[PDB]
Amino acid sequence: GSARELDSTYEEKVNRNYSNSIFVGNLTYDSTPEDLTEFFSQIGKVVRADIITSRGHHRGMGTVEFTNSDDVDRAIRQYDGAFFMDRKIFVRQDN
């Protein structure tokens, strides 16, 4: 008896839960740590951003540090793909 039957199951889960830091590899080479600070820190608190270097070789990439280990990811969910001075930032987590 019966025909065309089916079955499936689902769950919610997370991984790699550690650190308080983030990296950005495709932003504008004119960006300052202050430009990333006023951007990211609307979520809560950036404690440090970094982009400018003493050698200055046109790098186009930098780092940001938060007070948080989960809301720091909830930031990126709203900012990865941001066209930023016409040039699209893309984010990588710490490790």
# chains A, B, ... in the order shown; residues from 1 in each chain; ligands from 1
$ residues_around --residues "stretch 43-45 of chain A" --least-positions-apart "4" --cutoff "12 Å" --atoms "only C-alpha atoms" --output "PDB file with C-alpha atoms, in the first residue's frame"
ATOM      1  CA  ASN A  20      38.180  38.130  18.402  1.00  0.00           C
ATOM      2  CA  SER A  21      39.930  39.280  15.147  1.00  0.00           C
ATOM      3  CA  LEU A  36      37.323  50.452   9.124  1.00  0.00           C
ATOM      4  CA  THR A  37      36.748  51.512  12.800  1.00  0.00           C
ATOM      5  CA  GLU A  38      33.785  53.862  12.136  1.00  0.00           C
ATOM      6  CA  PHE A  39      32.410  51.149   9.767  1.00  0.00           C
ATOM      7  CA  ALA A  49      42.048  48.336  13.396  1.00  0.00           C
ATOM      8  CA  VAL A  64      40.316  44.570  12.806  1.00  0.00           C
ATOM      9  CA  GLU A  65      39.898  43.404  16.470  1.00  0.00           C
ATOM     10  CA  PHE A  66      36.644  43.363  18.527  1.00  0.00           C
ATOM     11  CA  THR A  67      35.703  42.878  22.234  1.00  0.00           C
ATOM     12  CA  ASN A  68      33.536  39.885  21.095  1.00  0.00           C
ATOM     13  CA  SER A  69      33.966  36.290  19.728  1.00  0.00           C
ATOM     14  CA  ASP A  70      30.435  35.871  18.138  1.00  0.00           C
ATOM     15  CA  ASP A  71      28.989  39.404  17.433  1.00  0.00           C
ATOM     16  CA  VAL A  72      32.246  39.981  15.455  1.00  0.00           C
ATOM     17  CA  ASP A  73      30.894  37.371  12.970  1.00  0.00           C
ATOM     18  CA  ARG A  74      27.370  38.990  13.122  1.00  0.00           C
ATOM     19  CA  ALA A  75      29.160  42.158  11.839  1.00  0.00           C
ATOM     20  CA  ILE A  76      30.608  40.362   8.746  1.00  0.00           C
ATOM     21  CA  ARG A  77      27.122  38.965   7.859  1.00  0.00           C
ATOM     22  CA  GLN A  78      26.187  42.675   7.142  1.00  0.00           C
ATOM     23  CA  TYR A  79      29.526  43.905   5.552  1.00  0.00           C
TER      24      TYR A  79
END
$ select_by_dssp --residues "stretch 30-93 of chain A" --states "strand (DSSP E)" --output "list in words"
residues 46, 47, 48, 49, 50, 62, 63, 64, 65, 66, 83, 84, 87, 88, 91, 92 and 93 of chain A
$ residues_around --residues "residue A:90" --least-positions-apart "4" --cutoff "9 Å" --atoms "only C-alpha atoms" --output "PyMOL selection string"
chain A and resi 23-27+79-82
$ write_last_selection --atoms "N, CA and C atoms" --output "compact mmCIF listing (two decimals), in the first residue's frame"
# COMPACT_ATOMS: atom_id res chain seq x y z
N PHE A 23 40.25 39.86 9.18
CA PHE A 23 41.14 40.34 8.13
C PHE A 23 40.33 40.68 6.87
N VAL A 24 40.77 41.65 6.07
CA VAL A 24 40.04 42.12 4.87
C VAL A 24 41.02 42.35 3.72
N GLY A 25 40.82 41.60 2.63
CA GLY A 25 41.84 41.36 1.59
C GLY A 25 41.67 42.09 0.25
N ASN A 26 40.58 42.85 0.07
CA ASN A 26 40.21 43.42 -1.25
C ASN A 26 39.61 44.85 -1.16
N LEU A 27 39.90 45.57 -0.06
CA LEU A 27 39.44 46.94 0.19
C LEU A 27 40.26 47.98 -0.63
N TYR A 79 28.45 43.11 6.18
CA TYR A 79 29.53 43.90 5.55
C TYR A 79 30.35 43.20 4.46
N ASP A 80 30.39 41.86 4.41
CA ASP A 80 31.10 41.13 3.35
C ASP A 80 30.43 41.38 1.98
N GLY A 81 31.19 41.93 1.02
CA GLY A 81 30.64 42.45 -0.25
C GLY A 81 30.40 43.96 -0.27
N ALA A 82 30.70 44.70 0.81
CA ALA A 82 30.62 46.16 0.81
C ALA A 82 31.59 46.77 -0.21
$ closest_residue --among "A:52, A:47, A:14, A:3" --to "residue A:30" --atoms "only C-alpha atoms"
A:52
$ closest_residue --among "A:93, A:28, A:42, A:8" --to "residue A:61" --atoms "only C-alpha atoms"
A:28
$ atom_distance --atom1 "atom CA of residue A:95" --atom2 "atom CA of residue A:19"
8.3 Å
$ select_by_dssp --residues "chain A" --states "alpha helix (DSSP H)" --output "JSON, numbers by chain"
{"A": [33, 34, 35, 36, 37, 38, 39, 40, 71, 72, 73, 74, 75, 76]}
$ write_last_selection --atoms "C-alpha atoms" --output "compact mmCIF listing (two decimals), in the first residue's frame"
# COMPACT_ATOMS: atom_id res chain seq x y z
CA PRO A 33 42.24 51.98 10.26
CA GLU A 34 39.79 54.81 11.24
CA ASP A 35 37.70 54.13 8.05
CA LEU A 36 37.32 50.45 9.12
CA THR A 37 36.75 51.51 12.80
CA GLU A 38 33.78 53.86 12.14
CA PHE A 39 32.41 51.15 9.77
CA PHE A 40 32.73 47.95 11.93
CA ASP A 71 28.99 39.40 17.43
CA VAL A 72 32.25 39.98 15.46
CA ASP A 73 30.89 37.37 12.97
CA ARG A 74 27.37 38.99 13.12
CA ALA A 75 29.16 42.16 11.84
CA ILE A 76 30.61 40.36 8.75
$ atom_distance --atom1 "atom CA of residue A:60" --atom2 "atom CA of residue A:22"
15.0 Å
